[PDB]
Amino acid sequence: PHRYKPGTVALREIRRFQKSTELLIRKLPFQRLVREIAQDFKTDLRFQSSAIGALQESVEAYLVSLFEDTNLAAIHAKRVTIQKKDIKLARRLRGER
Amino acid sequence: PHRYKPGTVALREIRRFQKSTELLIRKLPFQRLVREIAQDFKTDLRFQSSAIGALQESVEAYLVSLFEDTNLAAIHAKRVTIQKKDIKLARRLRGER
Amino acid sequence: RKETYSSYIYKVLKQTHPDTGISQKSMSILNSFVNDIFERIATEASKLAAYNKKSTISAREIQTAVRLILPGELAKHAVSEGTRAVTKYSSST
Amino acid sequence: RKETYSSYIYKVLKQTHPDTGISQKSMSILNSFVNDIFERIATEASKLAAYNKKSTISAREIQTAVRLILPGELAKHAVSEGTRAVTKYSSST
Amino acid sequence: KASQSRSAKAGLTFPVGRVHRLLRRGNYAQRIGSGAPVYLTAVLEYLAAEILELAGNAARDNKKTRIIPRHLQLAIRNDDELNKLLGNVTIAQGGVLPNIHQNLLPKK
Amino acid sequence: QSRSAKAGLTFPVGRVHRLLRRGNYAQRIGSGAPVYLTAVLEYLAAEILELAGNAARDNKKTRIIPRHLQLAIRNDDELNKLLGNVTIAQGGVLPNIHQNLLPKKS
Amino acid sequence: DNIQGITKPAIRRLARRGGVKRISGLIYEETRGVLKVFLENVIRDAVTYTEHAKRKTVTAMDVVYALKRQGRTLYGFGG
Amino acid sequence: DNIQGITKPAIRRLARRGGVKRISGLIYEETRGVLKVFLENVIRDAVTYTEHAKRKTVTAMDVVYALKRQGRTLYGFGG
DNA sequence: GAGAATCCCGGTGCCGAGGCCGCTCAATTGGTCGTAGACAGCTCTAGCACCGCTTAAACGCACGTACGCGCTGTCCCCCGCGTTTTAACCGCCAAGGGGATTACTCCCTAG
DNA sequence: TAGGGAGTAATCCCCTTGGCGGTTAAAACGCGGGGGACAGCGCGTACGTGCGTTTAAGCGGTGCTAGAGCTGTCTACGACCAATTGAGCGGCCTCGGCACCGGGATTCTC
């Protein structure tokens, strides 16, 4: 049959996800995560769905900004693949230690 | 015929200037610079003496804060020497554009 | 009772685009936006009026605040629109 | 005729260190640290009092404010110190 | 004897007296001048008009009659001064711009 | 009888009450709130003075210099987190040398 | 399985929204730790706002003020 | 010629404050490029502050007020 | 093994950091009144829990090819250093221009 | 309807803008040599690609009750006002901590 170059259908998937605006994290594991992390500070705590939504959009926006900064720091480092030392450099030069 | 290796006296004077805390910029050319950048907006400007020292402390602190980050960027770039892309990478990761 | 800027925002887009609908989410985005500029301008003006040892907030205080907060191009358009509106309001004679 | 805080911080210094002296630039630095954390804590108290629809500032909004603005060990230590002061004043009414 | 509001006296469609009410019981100063709510009303009206103009041609560029926050997000971040104003704010359901760095393309 | 002495604190509760009242933050202002604010200001001033005092006693001098204040403000992680957005005049920077920039071997 | 409740292609989805090309395998638990350390700072402020309000439920406004605290303010749910 | 007021050994003085063994010779013109902008951004928000006070001299109080507006509240000279 | 280059120990004005008294406003005490937070009490939205069908997404094993990384060889440009030379800085005198402040007015903003 | 807050203005005195001059750290400039960044080439494996195989997200539907939210009423905390006493600002006065200078011990570098 006919195949594709590794690194070409990746660009199609990148442009598909960047034209898209849909949410990329599943709702129920995220709600379990925020309830298990809110159990540490105060028990018997209920939640509202728009609060979970605001938390979710905040975290994916911060993750997208961090991933763009890591990509920029990695292509500064004469490479293509991102590694954890670029994550540490981006967090160190972003202020959050 | 005693010649030092390049960079040893650099590290030694680095140690003395880590001990030292005085101002490193000449005062009167800095006054000339702030007057010549201030005449563009309203002529016949008077200047207090303490404000120029506050400005000098501000630019020295901002130099130190940016220079530490570009040092970390150049260390991360597998080099001993800084360059222009280290500077705009530090300004990009700090968020100063 | 709850307050929104929905009708005023509505007529604002009706002068510029008559055949244009609006989303409720977009209306909430716009309401949060105008409220944020309002609280920023108000705290800048109150802080400046406290800094000049004055107990009155006037038009020149928010004039300096608009010069301070907004970038220069949108700043002089904003103060131009404000000056024509204020001089039109002050002609009650 | 400006007011300064020099006598109180000098008394605190001589309470903790009976030999160490201070300079005027250090005096201005710590006075500006005091006025800085004062305006930050009071601005947060005003904003939080506006959030809960109340016109009265008490110790409760400021203990919430020191819980959220300070790091942890300073927050619990300041809560303990201020609650001790509150019970000492209310006992000595 | 009956006369209309201050907004059409200033020729504005945003509420002047409501801005004055929010300024007076917003607890910013103990005395509020007369011309300040008119100036603030004009400034916020102009900013809303400019934002809705940008959302307008952003939505005509997608061939639609309604405003989605995709259009608001685009009209914010393709303009540089609104980029400088709204740098630290995140918009609800906005996404990102289509961008790719030059060396990451299949240059050959 | 002074309210600071009735609270056991050394800071002017009346001054901070006047500064809170005449500063346009709320219509009404409590009575124990300036006392409590006086207490937390006294505690923070005492902790900062204690750290600066130890930093002065380690460096053989008996006078507080802003370099000692910067040394006492940067060696504590909590105070670095609180005051990371400030700059001390003539304070200096902590001495640090990277191991890659350190030359030779062993 | 709560900390790793975020599945393996989800960090990939957030990565290609961030415009990366090649992803390493050791980033995933580190991004999980970064996520949990951001979430720890956010919801601590959120539940302090919650117990000040004499409530045991976290509704829509004390979270948007919580992200309004550190300069990461989000629009739309301010009412 | 007055724009050459900051001098190359003073840039070396700032460079040996940061702790770097080797400094390339084209950093010195880059360091001026990041300076004439940045202090400019306090001159945009100082003298207009001065212009609001009917004031034709800048002093020690309005400059630290401008830095507090920018985000670098500084200690030492009042305010 | 030698040599710059430091850390260390002792003598010197000094000048800027501790008392001190004079005293002038600002914190303290008391009283009165009008409302705002506290508490009780009430009506219904909405959040938690659970069952079940559908299925699209996710896990896992398999392999194949770039791409990260190890080594290398070379221009070459920063680096340490001697020599001019140029403006920075300290001591100082003199002006005058602009900030602080006192003081009465009246309008316009609070109610 | 009231009253007090900008506002105008004049006066004093303080600092700061120019102008000296000498001298002196200190920048500018040219020069030899040595590691560093430069491109280039090979070794292998880690990431992407794929189909089989779960699985547990999603819809959606229902059942129940905590708890948000609103209303009523109350009284005690706090704004406001007048008299007062003391304490913290300031001007002035006096001296020892620290920088500065000089000269010998001591540690890296070559």
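What you see is numbering from 1 along each chain in written sequence order, possibly unlike the entry, with residues lacking coordinates removed. Chains carry letters and ligands carry numbers; both start at the beginning, A for chains and 1 for ligands, and go up in the order they are written. Keep in mind that this is only part of a larger assembly, and the values describe that part, not the whole. The side-chain quantities take in all heavy atoms of the structure and omit both hydrogens and water. Residues with missing side-chain atoms are left out of burial classes, side-chain pairs and their counts.

The deposited coordinates derive from cryo-EM, with the record listing a resolution of 3.16 Å.

Colleague: Explanation requested: the packing of helix α1 (residues 9-19) of chain A against helix α1 (residues 8-17) of chain G in the structure shown.
Modeller: For any two helices packed against each other, one specifies the inter-axial angle together with the distance between the axes. Every angle, taken between N-to-C directions, lies between 0 and 180 degrees, and every axis is a line fitted to C-alpha atoms, over only the stretch in contact when it is a helix. Here a helix means four or more residues in a row that DSSP labels H or I, a strand means two or more in a row labelled E, and each is numbered from the N terminus. Viewed as axis vectors pointing N to C, α1 of chain A and α1 of chain G meet at an angle of 85°, and their least axial separation amounts to 8 Å. Between α1 of chain A and α1 of chain G, the angle falls in the class roughly perpendicular. Across the interface between the two elements, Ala 10, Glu 13, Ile 14, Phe 17 and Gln 18 of chain A of α1 of chain A pack against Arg 13, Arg 16 and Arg 17 of chain G of α1 of chain G. Charged means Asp, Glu, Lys or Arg here, nonpolar means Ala, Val, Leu, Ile, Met, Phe, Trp, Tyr, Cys or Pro, and polar covers whatever is left, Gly included. For the contact of α1 of chain A with α1 of chain G, a count of residues per class yields three nonpolar, one polar and four charged. Roughly parallel covers angles under 35 degrees, roughly antiparallel covers those over 145, roughly perpendicular covers 65 to 115, and oblique covers all other angles. The criterion used for residue contact is that any of the two residues' heavy atoms lie within 4.5 Å.

Colleague: Can you help me understand the interface of chain G and chain D in this one?
Modeller: Frequently, the measure chosen for interface size is the accessible area removed from exposure when the parts meet. On the chain D side, the residues contacting the eight residues of chain G number ten residues. Buried area: the accessible surface (1.4 Å probe) lost by two parts on joining, summed over both. For the pair chain G and chain D, the two sides together bury roughly 940 Å², of which 55% comes from carbon and sulfur. The largest per-residue losses of area from chain G upon contact with chain D belong to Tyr 49, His 52 and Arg 69 of chain G, which jointly make up 60% of the total buried on that side. Whenever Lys or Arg places a side-chain nitrogen within 4 Å of a carboxyl oxygen from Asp or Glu, that contact is recorded as a salt bridge. Our enumeration of links across chain G and chain D arrives at zero salt bridges. Under the rule applied, a polar contact is a pair of N or O atoms within 3.5 Å (in protein, one hydrogen donor and one hydrogen acceptor; residues adjacent in sequence only if both atoms are side-chain atoms). Across the chain G-chain D interface, the total number found is two residue pairs in polar contact. Those elements that provide at least two residues to the side of chain G that touches chain D are α2 (28-52) and α3 (61-69) of chain G. Looking at which element gives the most residues to the side of chain G that touches chain D, the answer is α2 of chain G, with five residues. Class assignment of the residues belonging to the side of chain G that touches chain D gives a composition of two nonpolar, two polar and four charged.

Colleague: Sorry, what's going on with the nonpolar core here?
Modeller: The nonpolar core is taken to be a set of buried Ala, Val, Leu, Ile, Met, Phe, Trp, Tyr and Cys residues, with the residues joined through side-chain atoms within 4.5 Å. Remark: exposure states derive from per-residue accessible area (1.4 Å probe, protein chains only) relative to the maximum for the residue type, with buried under 20%, exposed over 50%, and partly exposed in between. Among the nonpolar cores identified, the biggest contains 100 residues, and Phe 33 and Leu 70 of chain D together with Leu 83 of chain F are the most heavily contacted of them. Considering every element that reaches this core, the biggest residue donor is helix α3 (residues 32-58) of chain F, with 13 residues. Not counting chain neighbours up to four residues away, the residues in contact with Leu 70 of chain D comprise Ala 75 and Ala 78 of chain D together with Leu 82 of chain F.

Colleague: Would you explain the interface of chain D and chain F in this entry?
Modeller: Of the residues lining the interface, 50 residues belong to chain D; the matching set on chain F comes to 52 residues. At the boundary of chain D and chain F, one finds one salt bridge. One salt bridge connects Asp 19 of chain D with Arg 57 of chain F, and the closest N-O pair in it is separated by 3.8 Å. Across the chain D-chain F interface, the total number found is 15 residue pairs in polar contact.

Colleague: Just to check I follow, could you spell out the arrangement of the chains for this structure?
Modeller: The interface with the most contacts, out of 15 pairs of chains in contact, is the one formed by chains D and F. What separates chain A from chain D at the closest point of their C-alpha atoms is a distance of 13 Å, and the two make no contact. Between chain D and chain E there is no contact, and the shortest C-alpha to C-alpha separation is 9 Å.

Colleague: Hey, could you run me through the packing of aromatic side chains in this one?
Modeller: Each aromatic ring pair is described using two quantities: the centre-to-centre distance and the angle formed by the ring planes. Think of it this way: a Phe, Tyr or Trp ring, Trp meaning its six-membered ring, pairs with another when their centres are within 6.5 Å, and the plane angle makes it stacked under 30 degrees, edge-to-face over 60, tilted otherwise. Across all of its chains, the model carries ten aromatic pairs over all chains by this definition. The interplanar angle of 55° and the centroid separation of 6.3 Å between the aromatic rings of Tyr 5 of chain C and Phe 14 of chain E together place this pair among those described as tilted. Of this pair, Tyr 5 of chain C sits in the segment before α1 (6-16) while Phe 14 of chain E sits in the segment before α1 (16-24), which puts the two residues in different chains. The buried category is assigned to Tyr 5 of chain C, whose relative accessible area is 5%. According to the relative accessible area criterion, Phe 14 of chain E is buried, its value standing at 5%. With centroids separated by 6.0 Å and ring planes inclined at 70°, the aromatic side chains of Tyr 49 of chain G and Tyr 65 of chain G adopt a geometry described as edge-to-face. Here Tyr 49 of chain G, found in helix α2, pairs with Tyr 65 of chain G, found in helix α3; they are 16 residues apart in sequence, far enough to count as distant.

Colleague: How should a positive patch on the surface be read in this particular structure?
Modeller: Patch membership is restricted to residues that have no salt bridge and whose relative accessible area is over 30%. Joining uses 9 Å for like charges and 5 Å for the nonpolar side chains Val, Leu, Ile, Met, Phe, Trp and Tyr. For every accessible area listed, the method is Shrake-Rupley and the probe measures 1.4 Å; residues are considered covered only by the protein chains on display. All tallies of charge rest on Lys and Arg as positive and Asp and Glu as negative; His and the ends of each chain are not included. Working definition for charges: the position is that of NZ of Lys, CZ of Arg, CG of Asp or CD of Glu. Taken together, the side chains of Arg 35 and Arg 46 of chain B together with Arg 55 and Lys 56 of chain H make up a positively charged region of the molecular surface. Position of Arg 46 of chain B relative to the elements: it lies in strand β1 (residues 46-47). Given the relative accessible area of 58%, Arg 46 of chain B is considered exposed.

Colleague: Hey, could you run me through the protein's contact with DNA strand I in this one?
Modeller: Whether a residue is near a molecule or strand is decided by its heavy atoms; if any one of them lies within 4 Å of it, the residue is near. Around DNA strand I lies a shell of 55 residues, among which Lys 5 of chain A, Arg 3, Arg 26 and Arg 32 of chain B together with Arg 13 of chain G are the nearest. For DNA strand I, the backbone makes up 96% of the atoms found within 4 Å of the protein, where backbone means sugar plus phosphate. One nitrogen or oxygen atom from the side chain of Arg 12 of chain B is found 2.9 Å from a phosphate oxygen belonging to DNA strand I. In this structure, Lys 27 of chain B approaches DNA strand I through a side-chain N or O atom, which is 3.0 Å from a sugar or linking oxygen. For the surface near DNA strand I, the elements supplying multiple residues, two or more each, are β1 (46-47) of chain A, α1 (8-19) and α2 (27-38) of chain B, β1 (21-22) of chain D, β1 (31-32) of chain E, α2 (13-21) of chain F together with α1 of chain G. Here the element with the most residues in the surface near DNA strand I is α2 of chain B; it accounts for four residues.

Colleague: Teacher, can you tell me more about unusual backbone geometry here?
Modeller: It is generally the case that most residues other than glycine have a negative phi and that most peptide bonds are trans. All names here are of chain F. Residues other than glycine seldom take positive phi values, yet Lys 60 does so here, at roughly 65°. Relative to the helices and strands, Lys 60 resides in the loop between α3 and β2 (63-64). Of the residues examined, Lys 60 reaches a relative accessible area of 66% and is grouped as exposed. At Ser 106, a position not held by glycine, the phi torsion is positive, near 55°. Secondary-structure assignment places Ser 106 in the segment after β3 (87-88).

Colleague: What should I look at first to understand the protein's contact with DNA strand J in this one?
Modeller: Near DNA strand J there are 54 residues, and of these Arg 26 and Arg 32 of chain A, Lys 5 of chain B, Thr 56 of chain C together with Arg 15 of chain F occur at the shortest range. One of the side-chain nitrogen or oxygen atoms of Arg 32 of chain A is found 2.4 Å away from a phosphate oxygen of DNA strand J. Note that a phosphate oxygen of DNA strand J is positioned 3.0 Å from one of the backbone N or O atoms of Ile 29 of chain F. The leading source of residues in the surface near DNA strand J is helix α2 (residues 27-38) of chain A, at four residues. Looking at side-chain class alone, the surface near DNA strand J contains eleven nonpolar, 17 polar and 26 charged residues.

Colleague: How do you make sense of helix α3 (residues 49-76) of chain B when you look at a structure like this?
Modeller: Turn by turn, an α-helix covers 3.6 residues, leaving residues three or four places apart pointing in a common direction. Under the convention used throughout, the expected extent of a helix is 1.5 Å for every residue step, that is, one less than its residue count. Helix length check: α3 of chain B (28 residues) gives 41 Å between terminal C-alpha atoms against 40 Å at 1.5 Å per residue, within 8%. With its phi angle positive at about 55°, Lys 78 of chain B sits one or two positions after the end of α3 of chain B.

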